[PDB]
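Pasted below: start_29.txt, compact mmCIF, C-alpha atoms.
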# COMPACT_ATOMS: atom_id res chain seq x y z
CA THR I 1 12.80 -40.11 33.76
CA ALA I 2 15.47 -37.79 32.09
CA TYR I 3 18.19 -40.50 31.82
CA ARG I 4 19.56 -43.10 29.35
CA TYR I 5 20.71 -46.49 30.58
CA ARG I 6 22.98 -49.15 29.10
CA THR I 7 25.71 -51.68 29.76
CA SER I 8 29.11 -49.94 30.15
CA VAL I 9 31.72 -49.93 27.32
CA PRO I 10 35.57 -49.51 27.76
CA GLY I 11 35.20 -45.82 26.77
CA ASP I 12 33.11 -45.16 29.96
CA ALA I 13 36.16 -45.94 32.22
CA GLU I 14 37.24 -42.27 32.59
CA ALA I 15 33.73 -40.94 33.39
CA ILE I 16 33.20 -43.82 35.91
CA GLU I 17 36.56 -42.98 37.66
CA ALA I 18 35.86 -39.17 37.62
CA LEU I 19 32.31 -39.46 39.04
CA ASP I 20 32.04 -37.88 42.48
CA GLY I 21 31.05 -40.54 45.03
CA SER I 22 31.61 -38.15 47.96
CA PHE I 23 28.85 -37.19 50.42
CA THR I 24 28.20 -34.99 53.49
CA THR I 25 26.06 -36.33 56.36
CA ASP I 26 24.61 -34.88 59.62
CA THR I 27 24.26 -38.46 61.10
CA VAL I 28 26.14 -41.84 61.17
CA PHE I 29 25.19 -45.33 62.34
CA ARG I 30 27.35 -45.99 65.40
CA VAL I 31 28.25 -49.66 65.69
CA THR I 32 28.62 -51.04 69.24
CA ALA I 33 30.15 -54.48 69.92
CA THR I 34 28.20 -55.80 72.96
CA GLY I 35 30.31 -58.98 73.27
CA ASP I 36 27.26 -61.22 72.55
CA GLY I 37 26.58 -59.27 69.32
CA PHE I 38 26.33 -55.85 67.71
CA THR I 39 24.02 -52.89 67.90
CA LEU I 40 23.58 -50.01 65.42
CA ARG I 41 22.26 -46.61 66.40
CA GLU I 42 21.92 -43.56 64.16
CA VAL I 43 23.64 -40.65 65.96
CA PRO I 44 24.00 -36.94 65.00
CA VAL I 45 27.51 -35.72 64.03
CA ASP I 46 28.66 -32.09 64.37
CA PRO I 47 30.32 -30.66 62.25
CA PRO I 48 28.76 -32.75 59.39
CA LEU I 49 31.00 -35.57 58.16
CA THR I 50 32.24 -35.31 54.55
CA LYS I 51 33.42 -38.63 53.18
CA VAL I 52 35.80 -38.63 50.20
CA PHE I 53 36.92 -42.00 48.70
CA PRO I 54 40.35 -42.37 46.93
CA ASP I 55 38.73 -44.53 44.16
CA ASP I 56 33.40 -62.38 32.29
CA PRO I 57 29.65 -63.49 32.20
CA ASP I 58 28.70 -63.14 35.91
CA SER I 59 30.13 -59.57 36.19
CA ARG I 60 28.39 -56.44 34.69
CA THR I 61 28.40 -52.60 34.92
CA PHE I 62 25.32 -50.48 34.13
CA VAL I 63 25.69 -46.73 33.44
CA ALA I 64 23.12 -43.89 33.51
CA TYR I 65 23.72 -40.79 31.34
CA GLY I 66 21.91 -37.46 31.60
CA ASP I 67 20.66 -35.17 28.76
CA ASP I 68 23.97 -33.22 28.95
CA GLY I 69 26.10 -36.33 28.05
CA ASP I 70 27.52 -36.52 31.60
CA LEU I 71 27.59 -39.70 33.65
CA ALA I 72 24.81 -39.48 36.25
CA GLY I 73 25.68 -42.81 37.82
CA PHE I 74 26.81 -46.44 37.59
CA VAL I 75 26.36 -49.83 39.29
CA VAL I 76 28.85 -52.71 39.21
CA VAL I 77 27.40 -56.17 39.85
CA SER I 78 28.97 -59.61 40.27
CA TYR I 79 27.10 -62.96 40.45
CA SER I 80 28.04 -66.00 42.59
CA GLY I 81 26.16 -69.23 41.78
CA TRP I 82 27.14 -71.16 44.98
CA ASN I 83 24.75 -69.00 47.11
CA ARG I 84 22.90 -67.47 44.09
CA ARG I 85 23.97 -64.03 45.27
CA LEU I 86 24.15 -60.97 43.10
CA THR I 87 26.68 -58.68 44.81
CA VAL I 88 26.32 -54.95 44.19
CA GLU I 89 30.11 -54.26 44.21
CA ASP I 90 29.75 -50.52 43.76
CA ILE I 91 26.90 -48.05 43.14
CA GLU I 92 27.44 -44.28 42.77
CA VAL I 93 25.30 -41.33 41.69
CA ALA I 94 26.75 -37.81 40.89
CA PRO I 95 25.72 -35.46 43.79
CA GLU I 96 23.52 -33.22 41.53
CA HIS I 97 21.63 -36.37 40.32
CA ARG I 98 21.00 -37.64 43.86
CA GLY I 99 17.29 -37.97 44.66
CA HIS I 100 16.31 -37.97 40.93
CA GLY I 101 15.57 -41.74 40.69
CA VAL I 102 19.00 -42.70 39.11
CA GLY I 103 20.05 -44.96 42.03
CA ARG I 104 16.64 -46.73 42.03
CA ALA I 105 16.69 -47.29 38.24
CA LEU I 106 20.32 -48.64 38.39
CA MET I 107 19.33 -50.98 41.29
CA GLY I 108 16.30 -52.09 39.21
CA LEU I 109 18.71 -52.89 36.31
CA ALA I 110 20.87 -54.82 38.86
CA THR I 111 17.64 -56.68 39.93
CA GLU I 112 16.76 -57.67 36.32
CA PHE I 113 20.31 -59.10 35.79
CA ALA I 114 19.94 -61.01 39.13
CA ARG I 115 16.65 -62.55 37.87
CA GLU I 116 18.31 -63.53 34.51
CA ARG I 117 21.07 -65.36 36.52
CA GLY I 118 18.44 -67.02 38.77
CA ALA I 119 19.70 -65.20 41.93
CA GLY I 120 17.91 -65.84 45.23
CA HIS I 121 19.04 -62.44 46.64
CA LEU I 122 20.86 -59.11 46.06
CA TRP I 123 23.57 -58.09 48.47
CA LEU I 124 25.59 -54.97 49.21
CA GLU I 125 28.19 -53.48 51.51
CA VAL I 126 27.92 -49.88 52.81
CA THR I 127 30.10 -47.91 55.28
CA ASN I 128 28.32 -47.18 58.60
CA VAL I 129 29.07 -43.43 58.11
CA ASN I 130 26.95 -43.42 54.89
CA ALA I 131 23.58 -42.79 56.75
CA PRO I 132 21.91 -41.41 53.48
CA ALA I 133 22.77 -44.50 51.34
CA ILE I 134 21.72 -46.75 54.27
CA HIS I 135 18.31 -45.03 54.45
CA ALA I 136 18.06 -45.05 50.58
CA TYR I 137 18.79 -48.87 50.51
CA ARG I 138 16.20 -49.47 53.23
CA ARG I 139 13.71 -47.67 50.97
CA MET I 140 14.65 -49.90 47.99
CA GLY I 141 13.72 -53.16 49.83
CA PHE I 142 17.08 -54.01 51.50
CA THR I 143 17.46 -54.77 55.24
CA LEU I 144 20.58 -55.23 57.39
CA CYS I 145 21.84 -58.84 57.02
CA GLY I 146 25.21 -58.51 58.73
CA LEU I 147 28.38 -56.45 59.15
CA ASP I 148 32.21 -56.64 59.32
CA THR I 149 33.83 -54.29 61.87
CA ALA I 150 37.31 -55.29 60.71
CA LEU I 151 36.88 -54.75 56.88
CA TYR I 152 38.46 -51.26 56.98
CA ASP I 153 41.28 -51.90 59.50
CA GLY I 154 44.58 -50.49 58.15
CA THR I 155 42.87 -48.54 55.35
CA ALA I 156 41.99 -44.85 54.79
CA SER I 157 38.51 -45.82 56.24
CA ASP I 158 39.88 -47.16 59.56
CA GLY I 159 37.29 -46.38 62.28
CA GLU I 160 34.34 -47.22 59.96
CA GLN I 161 32.57 -50.62 59.84
CA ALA I 162 31.25 -52.43 56.78
CA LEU I 163 27.46 -52.91 56.94
CA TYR I 164 25.83 -55.70 54.95
CA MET I 165 22.32 -55.43 53.43
CA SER I 166 20.31 -57.88 51.41
CA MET I 167 17.07 -58.18 49.47
CA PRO I 168 15.42 -61.43 48.21
CA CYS I 169 15.36 -61.48 44.38
CA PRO I 170 11.76 -61.51 42.90
CA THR D 1 54.22 -82.52 68.70
CA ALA D 2 53.77 -85.79 66.60
CA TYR D 3 53.16 -83.98 63.25
CA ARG D 4 55.08 -82.77 60.14
CA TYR D 5 54.18 -79.49 58.50
CA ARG D 6 54.80 -78.07 55.04
CA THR D 7 53.39 -76.10 52.14
CA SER D 8 50.97 -78.25 50.08
CA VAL D 9 52.00 -79.82 46.71
CA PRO D 10 49.59 -80.84 43.84
CA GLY D 11 49.83 -84.48 45.04
CA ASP D 12 48.10 -83.52 48.36
CA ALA D 13 44.82 -82.64 46.49
CA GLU D 14 43.19 -86.07 47.04
CA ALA D 15 44.03 -86.27 50.78
CA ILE D 16 42.80 -82.64 51.27
CA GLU D 17 39.45 -83.48 49.49
CA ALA D 18 39.05 -86.82 51.41
CA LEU D 19 39.73 -85.31 54.86
CA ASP D 20 36.67 -85.48 57.10
CA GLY D 21 35.60 -81.94 58.05
CA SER D 22 32.37 -83.19 59.67
CA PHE D 23 31.51 -82.62 63.35
CA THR D 24 28.83 -83.39 65.97
CA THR D 25 27.81 -80.71 68.48
CA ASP D 26 25.52 -80.56 71.58
CA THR D 27 25.21 -76.71 71.22
CA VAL D 28 24.90 -73.99 68.48
CA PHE D 29 25.14 -70.20 68.53
CA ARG D 30 21.62 -68.97 67.78
CA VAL D 31 21.68 -65.70 65.84
CA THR D 32 18.82 -63.26 66.54
CA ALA D 33 18.19 -60.20 64.32
CA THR D 34 16.92 -57.51 66.77
CA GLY D 35 16.25 -54.95 64.00
CA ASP D 36 18.87 -52.53 65.45
CA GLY D 37 21.51 -55.31 65.35
CA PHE D 38 22.27 -58.94 66.09
CA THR D 39 22.67 -61.09 69.16
CA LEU D 40 24.36 -64.50 69.50
CA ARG D 41 23.51 -66.98 72.23
CA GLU D 42 24.91 -70.48 72.65
CA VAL D 43 21.93 -72.85 73.01
CA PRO D 44 21.77 -76.65 73.62
CA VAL D 45 20.53 -78.84 70.72
CA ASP D 46 18.91 -82.26 71.19
CA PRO D 47 19.53 -84.66 69.42
CA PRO D 48 23.15 -83.46 68.77
CA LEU D 49 23.63 -81.79 65.38
CA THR D 50 25.96 -83.56 62.93
CA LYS D 51 27.19 -81.28 60.18
CA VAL D 52 28.47 -82.83 56.95
CA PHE D 53 29.85 -80.53 54.18
CA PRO D 54 29.66 -81.54 50.44
CA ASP D 55 33.25 -80.21 49.86
CA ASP D 56 49.60 -67.06 42.98
CA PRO D 57 51.82 -65.30 45.68
CA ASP D 58 49.12 -64.10 48.15
CA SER D 59 47.42 -67.55 48.34
CA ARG D 60 48.91 -70.57 50.28
CA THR D 61 47.91 -73.99 51.73
CA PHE D 62 49.69 -75.56 54.72
CA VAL D 63 49.30 -79.30 55.46
CA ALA D 64 49.95 -81.32 58.64
CA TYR D 65 50.81 -85.04 58.33
CA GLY D 66 50.82 -87.60 61.13
CA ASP D 67 53.35 -90.45 61.80
CA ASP D 68 51.10 -92.84 59.80
CA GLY D 69 51.42 -90.77 56.55
CA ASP D 70 47.77 -89.64 56.78
CA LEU D 71 46.68 -86.03 56.46
CA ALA D 72 45.88 -84.72 59.95
CA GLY D 73 44.82 -81.31 58.70
CA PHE D 74 45.20 -78.32 56.37
CA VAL D 75 44.72 -74.54 56.26
CA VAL D 76 44.12 -72.46 53.12
CA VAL D 77 45.04 -68.77 53.38
CA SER D 78 44.61 -65.82 51.02
CA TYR D 79 46.11 -62.32 51.46
CA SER D 80 44.49 -58.98 50.50
CA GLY D 81 46.79 -55.93 50.58
CA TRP D 82 44.02 -53.24 50.42
CA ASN D 83 43.02 -53.95 54.07
CA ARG D 84 46.15 -56.04 54.89
CA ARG D 85 43.91 -58.97 55.72
CA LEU D 86 44.99 -62.57 55.74
CA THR D 87 41.79 -64.58 55.17
CA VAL D 88 41.72 -68.12 56.53
CA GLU D 89 39.63 -69.53 53.62
CA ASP D 90 39.41 -73.02 55.06
CA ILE D 91 40.86 -74.90 58.06
CA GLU D 92 40.11 -78.58 58.79
CA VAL D 93 41.48 -81.20 61.17
CA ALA D 94 40.67 -85.00 60.87
CA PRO D 95 38.29 -85.89 63.79
CA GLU D 96 40.83 -88.27 65.47
CA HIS D 97 43.45 -85.45 65.42
CA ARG D 98 41.09 -82.90 66.98
CA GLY D 99 42.38 -81.54 70.30
CA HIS D 100 46.00 -82.65 69.55
CA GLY D 101 47.36 -79.15 68.73
CA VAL D 102 47.13 -79.55 64.86
CA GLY D 103 44.63 -76.68 64.41
CA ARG D 104 46.74 -74.35 66.63
CA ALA D 105 49.99 -75.20 64.79
CA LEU D 106 48.30 -74.68 61.34
CA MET D 107 46.87 -71.30 62.56
CA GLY D 108 50.38 -70.40 63.82
CA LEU D 109 51.74 -71.21 60.30
CA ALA D 110 48.91 -68.99 58.89
CA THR D 111 50.06 -66.24 61.37
CA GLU D 112 53.73 -66.44 60.23
CA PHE D 113 52.66 -66.07 56.54
CA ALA D 114 50.46 -63.07 57.57
CA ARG D 115 53.51 -61.42 59.24
CA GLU D 116 55.67 -62.07 56.09
CA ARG D 117 52.97 -60.26 53.99
CA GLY D 118 52.78 -57.41 56.54
CA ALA D 119 49.12 -58.20 57.46
CA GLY D 120 47.40 -56.07 60.12
CA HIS D 121 44.94 -58.91 60.98
CA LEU D 122 43.81 -62.52 60.40
CA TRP D 123 40.20 -63.16 59.51
CA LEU D 124 37.90 -66.16 59.25
CA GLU D 125 34.35 -67.25 58.57
CA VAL D 126 32.64 -70.01 60.62
CA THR D 127 29.07 -71.38 60.54
CA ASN D 128 27.05 -70.49 63.68
CA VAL D 129 26.29 -74.25 64.19
CA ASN D 130 30.06 -74.95 64.60
CA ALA D 131 30.09 -74.16 68.42
CA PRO D 132 33.39 -76.23 68.93
CA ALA D 133 35.38 -74.36 66.22
CA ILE D 134 33.94 -71.05 67.52
CA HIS D 135 35.16 -71.84 71.06
CA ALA D 136 38.52 -73.15 69.63
CA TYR D 137 39.01 -69.84 67.64
CA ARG D 138 38.18 -67.79 70.73
CA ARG D 139 40.96 -69.71 72.50
CA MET D 140 43.44 -68.93 69.67
CA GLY D 141 43.05 -65.12 70.06
CA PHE D 142 40.12 -64.45 67.66
CA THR D 143 36.98 -62.50 68.64
CA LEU D 144 33.68 -61.98 66.77
CA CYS D 145 34.10 -59.08 64.29
CA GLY D 146 30.89 -59.48 62.31
CA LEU D 147 28.49 -61.87 60.57
CA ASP D 148 26.44 -62.43 57.38
CA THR D 149 22.99 -64.01 57.94
CA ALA D 150 22.40 -64.23 54.18
CA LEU D 151 25.70 -66.00 53.13
CA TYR D 152 24.08 -69.48 53.09
CA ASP D 153 20.68 -68.58 51.57
CA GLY D 154 19.83 -71.03 48.75
CA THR D 155 22.63 -73.45 49.69
CA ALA D 156 22.77 -76.83 51.50
CA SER D 157 23.54 -74.70 54.67
CA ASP D 158 20.35 -72.59 54.44
CA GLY D 159 19.24 -71.80 58.03
CA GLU D 160 22.86 -71.24 59.21
CA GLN D 161 24.57 -67.80 59.44
CA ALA D 162 28.17 -66.97 58.61
CA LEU D 163 30.07 -65.68 61.67
CA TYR D 164 33.14 -63.51 61.20
CA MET D 165 36.14 -63.56 63.58
CA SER D 166 39.37 -61.63 63.54
CA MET D 167 42.70 -61.37 65.33
CA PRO D 168 45.27 -58.52 65.02
CA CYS D 169 48.50 -59.82 63.44
CA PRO D 170 51.58 -59.56 65.82
Could you rewrite the structure in this file as structure tokens?
Amino acid sequence: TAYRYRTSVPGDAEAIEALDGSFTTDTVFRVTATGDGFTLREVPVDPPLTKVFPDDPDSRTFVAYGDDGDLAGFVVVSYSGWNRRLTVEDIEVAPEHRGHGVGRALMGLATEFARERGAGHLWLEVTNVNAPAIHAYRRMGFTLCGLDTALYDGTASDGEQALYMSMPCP
Amino acid sequence: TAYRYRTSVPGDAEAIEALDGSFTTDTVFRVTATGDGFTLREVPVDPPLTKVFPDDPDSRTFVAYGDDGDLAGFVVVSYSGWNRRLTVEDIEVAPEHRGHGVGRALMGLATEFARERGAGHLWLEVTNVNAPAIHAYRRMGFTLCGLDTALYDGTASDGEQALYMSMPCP
């Protein structure tokens, strides 16, 4: 569907680094600590929030290239045998390529690798302010499996919470 | 307070391995996924649950030895500079030494190391079935900061959830 896919090579390092993982959102998932647990609620934000990030057999990176020779996206995966978890360390699609099936195809490639390793599930972390990726993950078969409100304390993302999502591996 | 404390040496490996990290509990924290979030509720369990486990500058292990020459307890810590987090990887006290101040002293030693590294917080993971460690952590200055319901899927601990607790570092 207009893209080429392969395992990354050292020469992809620059394009991976340069790829624009930034996004603008009209909503965020507000995380509330209730004492007994946590609640998430999608809330509107005005003005829209623009988030800019200042970014071996069990590990793998898959890249997606467009017709133009430009990197459309990548996914970095890591496998842990103790809990048979394939961690999606990072997944990013160039803003122009968003909503063109790149993310879904890369996640499918991540799923195939998980199956090869005999994974029981796929797992990912996503900032609570990334409402579009959260909704996109939900529509790829993932559901909220946890969170860490302290993950970003003392970082450039202080005030955000890490949200955890998982999918059983077919 | 009856114990000796130091940094571990290779020769402590056997005693660390052999130390009994098992526990019996009359209660557990039941984790409920509400869809919008998670709730934790301490519930009684009958019969009592007995849990048996089939167990470099930023990493460190501190040991506590009793008068008898036996290992009373240990704490394994790891530091991550990106979020200035000191992770308490593992902490275990021999059942006879429980409630004698060993855990508190080891956690204090973990806190001093965190300060030396310039940590902003201390962090730990604890199984939801470990109601006594959860209550002990709460009484050491930690509070629930998250959880991962999928951490133990496909393991010997399947059915348990990982609970995350943090403390700001003085």
Please identify every residue of chain I that has at least one atom no more than 7 Å from any atom of chain D, counting all atoms listed in the file, and report them as a list in words.
->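 Residues passing the distance filter: residues 36, 37, 38, 39, 40, 41, 82, 83, 84, 120, 145, 146, 147, 148, 149, 150, 151, 152, 153, 154 and 155 of chain I.
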Pairwise distance for CA of residue 19 (chain I) and CA of residue 86 (chain I), rounded to one decimal in Å = 23.4 Å
Selection near residue 78 (chain D), 7 Å with only C-alpha atoms, sequence-local residues under 3 positions removed, as JSON, numbers by chain = {"D": [58, 59, 60, 86, 87, 88, 89]}
May I have chain I as a CSV table (one decimal) with C-alpha atoms, keeping the file's coordinate frame, after a least-squares superposition on chain D that uses all C-alpha atoms paired in order?
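Output saved as selection_22.csv:
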chain,number,residue,atom,x,y,z
I,1,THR,CA,54.2,-82.5,68.7
I,2,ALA,CA,53.8,-85.8,66.6
I,3,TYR,CA,53.2,-84.0,63.3
I,4,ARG,CA,55.1,-82.8,60.1
I,5,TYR,CA,54.2,-79.5,58.5
I,6,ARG,CA,54.8,-78.1,55.0
I,7,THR,CA,53.4,-76.1,52.1
I,8,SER,CA,51.0,-78.3,50.1
I,9,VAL,CA,52.0,-79.8,46.7
I,10,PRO,CA,49.6,-80.8,43.8
I,11,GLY,CA,49.8,-84.5,45.0
I,12,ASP,CA,48.1,-83.5,48.4
I,13,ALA,CA,44.8,-82.6,46.5
I,14,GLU,CA,43.2,-86.1,47.0
I,15,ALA,CA,44.0,-86.3,50.8
I,16,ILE,CA,42.8,-82.6,51.3
I,17,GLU,CA,39.5,-83.5,49.5
I,18,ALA,CA,39.0,-86.8,51.4
I,19,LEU,CA,39.7,-85.3,54.9
I,20,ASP,CA,36.7,-85.5,57.1
I,21,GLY,CA,35.6,-81.9,58.1
I,22,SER,CA,32.4,-83.2,59.7
I,23,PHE,CA,31.5,-82.6,63.4
I,24,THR,CA,28.8,-83.4,66.0
I,25,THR,CA,27.8,-80.7,68.5
I,26,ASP,CA,25.5,-80.6,71.6
I,27,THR,CA,25.2,-76.7,71.2
I,28,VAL,CA,24.9,-74.0,68.5
I,29,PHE,CA,25.1,-70.2,68.5
I,30,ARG,CA,21.6,-69.0,67.8
I,31,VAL,CA,21.7,-65.7,65.8
I,32,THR,CA,18.8,-63.3,66.5
I,33,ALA,CA,18.2,-60.2,64.3
I,34,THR,CA,16.9,-57.5,66.8
I,35,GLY,CA,16.3,-54.9,64.0
I,36,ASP,CA,18.9,-52.5,65.4
I,37,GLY,CA,21.5,-55.3,65.3
I,38,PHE,CA,22.3,-58.9,66.1
I,39,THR,CA,22.7,-61.1,69.2
I,40,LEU,CA,24.4,-64.5,69.5
I,41,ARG,CA,23.5,-67.0,72.2
I,42,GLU,CA,24.9,-70.5,72.7
I,43,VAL,CA,21.9,-72.9,73.0
I,44,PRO,CA,21.8,-76.6,73.6
I,45,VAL,CA,20.5,-78.8,70.7
I,46,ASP,CA,18.9,-82.3,71.2
I,47,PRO,CA,19.5,-84.7,69.4
I,48,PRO,CA,23.2,-83.5,68.8
I,49,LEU,CA,23.6,-81.8,65.4
I,50,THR,CA,26.0,-83.6,62.9
I,51,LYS,CA,27.2,-81.3,60.2
I,52,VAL,CA,28.5,-82.8,56.9
I,53,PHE,CA,29.8,-80.5,54.2
I,54,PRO,CA,29.7,-81.5,50.4
I,55,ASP,CA,33.2,-80.2,49.9
I,56,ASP,CA,49.6,-67.1,43.0
I,57,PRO,CA,51.8,-65.3,45.7
I,58,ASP,CA,49.1,-64.1,48.2
I,59,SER,CA,47.4,-67.5,48.3
I,60,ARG,CA,48.9,-70.6,50.3
I,61,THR,CA,47.9,-74.0,51.7
I,62,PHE,CA,49.7,-75.6,54.7
I,63,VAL,CA,49.3,-79.3,55.5
I,64,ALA,CA,50.0,-81.3,58.6
I,65,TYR,CA,50.8,-85.0,58.3
I,66,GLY,CA,50.8,-87.6,61.1
I,67,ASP,CA,53.4,-90.4,61.8
I,68,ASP,CA,51.1,-92.8,59.8
I,69,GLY,CA,51.4,-90.8,56.5
I,70,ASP,CA,47.8,-89.6,56.8
I,71,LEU,CA,46.7,-86.0,56.5
I,72,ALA,CA,45.9,-84.7,60.0
I,73,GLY,CA,44.8,-81.3,58.7
I,74,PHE,CA,45.2,-78.3,56.4
I,75,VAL,CA,44.7,-74.5,56.3
I,76,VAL,CA,44.1,-72.5,53.1
I,77,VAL,CA,45.0,-68.8,53.4
I,78,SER,CA,44.6,-65.8,51.0
I,79,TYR,CA,46.1,-62.3,51.5
I,80,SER,CA,44.5,-59.0,50.5
I,81,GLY,CA,46.8,-55.9,50.6
I,82,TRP,CA,44.0,-53.2,50.4
I,83,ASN,CA,43.0,-54.0,54.1
I,84,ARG,CA,46.2,-56.0,54.9
I,85,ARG,CA,43.9,-59.0,55.7
I,86,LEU,CA,45.0,-62.6,55.7
I,87,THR,CA,41.8,-64.6,55.2
I,88,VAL,CA,41.7,-68.1,56.5
I,89,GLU,CA,39.6,-69.5,53.6
I,90,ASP,CA,39.4,-73.0,55.1
I,91,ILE,CA,40.9,-74.9,58.1
I,92,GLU,CA,40.1,-78.6,58.8
I,93,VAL,CA,41.5,-81.2,61.2
I,94,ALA,CA,40.7,-85.0,60.9
I,95,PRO,CA,38.3,-85.9,63.8
I,96,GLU,CA,40.8,-88.3,65.5
I,97,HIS,CA,43.5,-85.4,65.4
I,98,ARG,CA,41.1,-82.9,67.0
I,99,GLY,CA,42.4,-81.5,70.3
I,100,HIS,CA,46.0,-82.7,69.6
I,101,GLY,CA,47.4,-79.2,68.7
I,102,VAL,CA,47.1,-79.6,64.9
I,103,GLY,CA,44.6,-76.7,64.4
I,104,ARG,CA,46.7,-74.4,66.6
I,105,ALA,CA,50.0,-75.2,64.8
I,106,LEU,CA,48.3,-74.7,61.3
I,107,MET,CA,46.9,-71.3,62.6
I,108,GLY,CA,50.4,-70.4,63.8
I,109,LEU,CA,51.7,-71.2,60.3
I,110,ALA,CA,48.9,-69.0,58.9
I,111,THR,CA,50.1,-66.2,61.4
I,112,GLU,CA,53.7,-66.4,60.2
I,113,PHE,CA,52.7,-66.1,56.5
I,114,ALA,CA,50.5,-63.1,57.6
I,115,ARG,CA,53.5,-61.4,59.2
I,116,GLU,CA,55.7,-62.1,56.1
I,117,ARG,CA,53.0,-60.3,54.0
I,118,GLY,CA,52.8,-57.4,56.5
I,119,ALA,CA,49.1,-58.2,57.5
I,120,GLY,CA,47.4,-56.1,60.1
I,121,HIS,CA,44.9,-58.9,61.0
I,122,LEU,CA,43.8,-62.5,60.4
I,123,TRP,CA,40.2,-63.2,59.5
I,124,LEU,CA,37.9,-66.2,59.2
I,125,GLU,CA,34.3,-67.2,58.6
I,126,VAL,CA,32.6,-70.0,60.6
I,127,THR,CA,29.1,-71.4,60.5
I,128,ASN,CA,27.0,-70.5,63.7
I,129,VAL,CA,26.3,-74.2,64.2
I,130,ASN,CA,30.1,-75.0,64.6
I,131,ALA,CA,30.1,-74.2,68.4
I,132,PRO,CA,33.4,-76.2,68.9
I,133,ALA,CA,35.4,-74.4,66.2
I,134,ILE,CA,33.9,-71.0,67.5
I,135,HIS,CA,35.2,-71.8,71.1
I,136,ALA,CA,38.5,-73.1,69.6
I,137,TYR,CA,39.0,-69.8,67.6
I,138,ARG,CA,38.2,-67.8,70.7
I,139,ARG,CA,41.0,-69.7,72.5
I,140,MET,CA,43.4,-68.9,69.7
I,141,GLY,CA,43.1,-65.1,70.1
I,142,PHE,CA,40.1,-64.4,67.7
I,143,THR,CA,37.0,-62.5,68.6
I,144,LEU,CA,33.7,-62.0,66.8
I,145,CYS,CA,34.1,-59.1,64.3
I,146,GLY,CA,30.9,-59.5,62.3
I,147,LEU,CA,28.5,-61.9,60.6
I,148,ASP,CA,26.4,-62.4,57.4
I,149,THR,CA,23.0,-64.0,57.9
I,150,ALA,CA,22.4,-64.2,54.2
I,151,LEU,CA,25.7,-66.0,53.1
I,152,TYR,CA,24.1,-69.5,53.1
I,153,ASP,CA,20.7,-68.6,51.6
I,154,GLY,CA,19.8,-71.0,48.7
I,155,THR,CA,22.6,-73.5,49.7
I,156,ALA,CA,22.8,-76.8,51.5
I,157,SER,CA,23.5,-74.7,54.7
I,158,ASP,CA,20.4,-72.6,54.4
I,159,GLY,CA,19.2,-71.8,58.0
I,160,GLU,CA,22.9,-71.2,59.2
I,161,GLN,CA,24.6,-67.8,59.4
I,162,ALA,CA,28.2,-67.0,58.6
I,163,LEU,CA,30.1,-65.7,61.7
I,164,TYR,CA,33.1,-63.5,61.2
I,165,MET,CA,36.1,-63.6,63.6
I,166,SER,CA,39.4,-61.6,63.5
I,167,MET,CA,42.7,-61.4,65.3
I,168,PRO,CA,45.3,-58.5,65.0
I,169,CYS,CA,48.5,-59.8,63.4
I,170,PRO,CA,51.6,-59.6,65.8
Please indicate the distance in Å from CA of residue 74 (chain D) to CA of residue 61 (chain D), rounded to one decimal place.
->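 Going from CA of residue 74 (chain D) over to CA of residue 61 (chain D), I get 6.9 Å.
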Residues around (18.7, -47.4, 32.7), cut-off 9 Å, counting all atoms listed in the file - what are they as a list in words?
->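 Counting all atoms listed in the file, I find these residues within 9 Å of (18.7, -47.4, 32.7): residues 3, 4, 5, 6, 7, 62, 63, 64, 65, 102, 105, 106, 108 and 109 of chain I.
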Gap from CA of residue 21 (chain D) to CA of residue 48 (chain D) - Å, one decimal | 16.5 Å
Go ahead and find all residues with at least one atom no further than 10 Å from (55.8, -56.8, 63.6) in the file's coordinates, using only C-alpha atoms; report them as a PyMOL selection string.
-> chain D and resi 115-116+118-120+169-170
Best match for closeness to residue 8 (chain I) among I:77, I:94, I:133, I:52, counting all atoms listed in the file =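 So, comparing all the options, the nearest one is I:77.
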Excluding residue 132 (chain I) and any residue of its chain fewer than 6 positions from it, enumerate the residues within 10 Å of it, using all atoms listed in the file, and give them as a PyMOL selection string.
-> chain I and resi 23-28+138
Selected residue, from D:51, D:15, D:1, D:57, that lies nearest to residue 70 (chain D) when counting all atoms listed in the file | D:15
Of the listed residues D:49, D:71, D:2, D:13, that which approaches residue 129 (chain D) most closely, counting all atoms listed in the file |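 Of all the options, D:49 lies closest to residue 129 (chain D).
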